[PDB]
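Have a look at the structure below, then the notes.
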Amino acid sequence: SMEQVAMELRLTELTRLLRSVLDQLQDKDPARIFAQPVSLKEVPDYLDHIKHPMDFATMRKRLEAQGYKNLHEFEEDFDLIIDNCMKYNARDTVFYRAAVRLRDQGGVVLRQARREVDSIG
């Protein structure tokens with residue numbers, strides 16, 4: 001139907017905007033601490049601690065399959081990256097501190113993304 005095509009076009013345009021948001025958030029992680037999944041070979045207990053692991057590569061795979069239907073879903077995955085790290089790692093660590101800085105800098109980006117999503121529809 002044409003209505004289905006129009007819905008598909010809207011999902012495609014959201015995907016474009018989320019790809020630009022993702023790029024901008026990932027630039028706030030210049031150490032690449034959050035680029036890839038925590039390796040269970042290197043951290044064999046991880047899934048005892050963290051029940052829903054997340055990282056920027058995993059988000060990019062979901063995005064490219066148009067698997068984010070709205071900005072809330074995207075933000076949920078970004079918050080998992082941060083919140084997982086801040087639980088597993090202590091305050092005194094470069095990992096925790098990178099997560100704080102990514103959260104603080106990412107908030108700015110997400111605040112304007114929300115306005116664009118609402119504005120454009």
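Chain labels A, B, ... are given in the sequence in which chains occur in the structure tokens; within each chain residues are numbered consecutively from 1, and ligands are likewise numbered from 1 in the order shown.
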
**Item:** Contacts of residue 83 in chain A at 10 Å (only C-alpha atoms; same-chain gap of 6+ positions) as a ChimeraX atom specification
**Value:** /A:50,53-54,77,96,99-100,103

Okay, now the selection with N, CA, C and O atoms, as a compact mmCIF listing (two decimals), in the first residue's frame?
```
# COMPACT_ATOMS: atom_id res chain seq x y z
N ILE A 50 26.36 -7.94 34.19
CA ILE A 50 25.66 -7.05 33.28
C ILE A 50 24.72 -7.95 32.41
O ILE A 50 25.15 -8.81 31.63
N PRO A 53 24.40 -6.28 27.86
CA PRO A 53 25.57 -5.57 27.29
C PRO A 53 25.22 -4.72 26.07
O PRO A 53 24.26 -5.03 25.31
N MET A 54 25.94 -3.63 25.87
CA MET A 54 25.69 -2.75 24.75
C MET A 54 27.02 -2.04 24.38
O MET A 54 27.89 -1.85 25.24
N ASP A 77 19.48 2.23 24.30
CA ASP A 77 20.72 1.47 24.01
C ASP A 77 21.91 2.38 24.41
O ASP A 77 22.89 1.88 25.01
N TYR A 96 35.04 4.18 33.99
CA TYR A 96 33.93 4.93 34.62
C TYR A 96 33.96 6.37 34.19
O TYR A 96 32.93 6.97 33.83
N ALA A 99 32.82 7.05 30.73
CA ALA A 99 31.36 6.99 30.65
C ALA A 99 30.70 8.27 31.14
O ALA A 99 29.70 8.74 30.55
N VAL A 100 31.17 8.84 32.26
CA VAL A 100 30.65 10.11 32.74
C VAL A 100 30.78 11.20 31.65
O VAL A 100 29.79 11.96 31.44
N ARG A 103 28.37 10.55 28.75
CA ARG A 103 27.02 10.90 29.15
C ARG A 103 26.80 12.45 29.09
O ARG A 103 25.77 13.00 28.57
```

* To do: List every residue of range 12-96 of chain A that DSSP, applied to the backbone of this structure, assigns to alpha helix (DSSP H), and report them as a PyMOL selection string.
  => chain A and resi 12-27+46-49+56-64+71-88+94-96

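Distance check against residue 31 in chain A using only C-alpha atoms: of A:57, A:98, A:113, A:6, the minimum falls on A:98.
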
Interatomic distance between CA of residue 49 in chain A and CA of residue 84 in chain A?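 Interatomic distance here is 8.8 Å.
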
Students should find that CA of residue 74 in chain A and CA of residue 109 in chain A are spaced 12.9 Å

Using only C-alpha atoms, which of the listed residues (A:1, A:105, A:86, A:36) sits closest to residue 61 in chain A?
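Of A:1, A:105, A:86, A:36, the one nearest residue 61 in chain A is A:36, counting only C-alpha atoms.
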
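Neighbours of range 11-20 of chain A closer than or equal to 9 Å, with only C-alpha atoms counted and sequence neighbours fewer than 5 positions away skipped, come out as residues 6, 25, 60, 63, 64, 66, 67, 68, 69, 70, 71, 74, 113, 116 and 117 of chain A.
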
How would the residues just picked look written out with N, CA and C atoms as a compact mmCIF listing (two decimals), in the first residue's frame?
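Final output, saved to result08.txt:
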```txt
# COMPACT_ATOMS: atom_id res chain seq x y z
N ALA A 6 4.87 5.03 2.80
CA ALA A 6 5.13 6.29 3.49
C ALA A 6 5.71 6.11 4.93
N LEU A 25 27.81 11.12 18.79
CA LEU A 25 28.06 10.54 20.15
C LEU A 25 29.33 9.78 20.18
N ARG A 60 25.24 0.19 15.85
CA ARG A 60 25.35 0.47 14.41
C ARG A 60 24.72 -0.67 13.62
N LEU A 63 20.98 -0.18 13.81
CA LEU A 63 20.62 1.00 13.04
C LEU A 63 20.56 0.65 11.57
N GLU A 64 21.55 -0.08 11.08
CA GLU A 64 21.65 -0.32 9.63
C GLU A 64 20.58 -1.26 9.12
N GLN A 66 17.66 -0.76 10.11
CA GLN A 66 16.50 0.07 10.52
C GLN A 66 15.75 -0.46 11.71
N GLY A 67 16.45 -0.93 12.78
CA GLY A 67 15.87 -1.51 13.90
C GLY A 67 15.51 -0.59 15.09
N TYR A 68 15.73 0.73 14.92
CA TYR A 68 15.23 1.71 15.88
C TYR A 68 13.94 2.38 15.29
N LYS A 69 12.86 2.14 15.97
CA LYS A 69 11.56 2.69 15.45
C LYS A 69 11.32 4.11 15.90
N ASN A 70 12.02 4.54 16.96
CA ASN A 70 11.83 5.88 17.49
C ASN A 70 13.14 6.26 18.23
N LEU A 71 13.26 7.50 18.59
CA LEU A 71 14.47 7.99 19.30
C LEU A 71 14.56 7.35 20.69
N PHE A 74 16.62 4.12 20.65
CA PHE A 74 18.02 4.47 20.43
C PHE A 74 18.64 4.96 21.73
N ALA A 113 18.61 16.42 19.04
CA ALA A 113 18.03 15.32 18.29
C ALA A 113 16.56 15.17 18.59
N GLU A 116 14.61 17.82 16.77
CA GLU A 116 14.57 17.54 15.30
C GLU A 116 13.59 16.42 14.95
N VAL A 117 13.58 15.38 15.78
CA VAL A 117 12.65 14.29 15.57
C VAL A 117 11.22 14.76 15.69
```

- Message: Which residues are near residue 37 in chain A? Cut-off 10 Å, only C-alpha atoms, ignore same chain within fewer than 3 positions. Put them as a list in words.
- Response: residues 33, 34, 40, 53, 54, 55, 56, 57, 58 and 81 of chain A

What is the CA of residue 89 in chain A-CA of residue 101 in chain A distance in Å, reported with one decimal?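 Result for CA of residue 89 in chain A versus CA of residue 101 in chain A: 14.4 Å, one decimal.
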
Problem - Residue nearest residue 82 in chain A among A:104, A:112, A:3, A:65 (counting only C-alpha atoms) - result: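 Checking each candidate against residue 82 in chain A, we get A:104 as the closest.
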
So which one's closest to residue 48 in chain A, A:88, A:7, A:111, A:28? Using only C-alpha atoms, please.
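Closest to residue 48 in chain A of all the choices is A:88.
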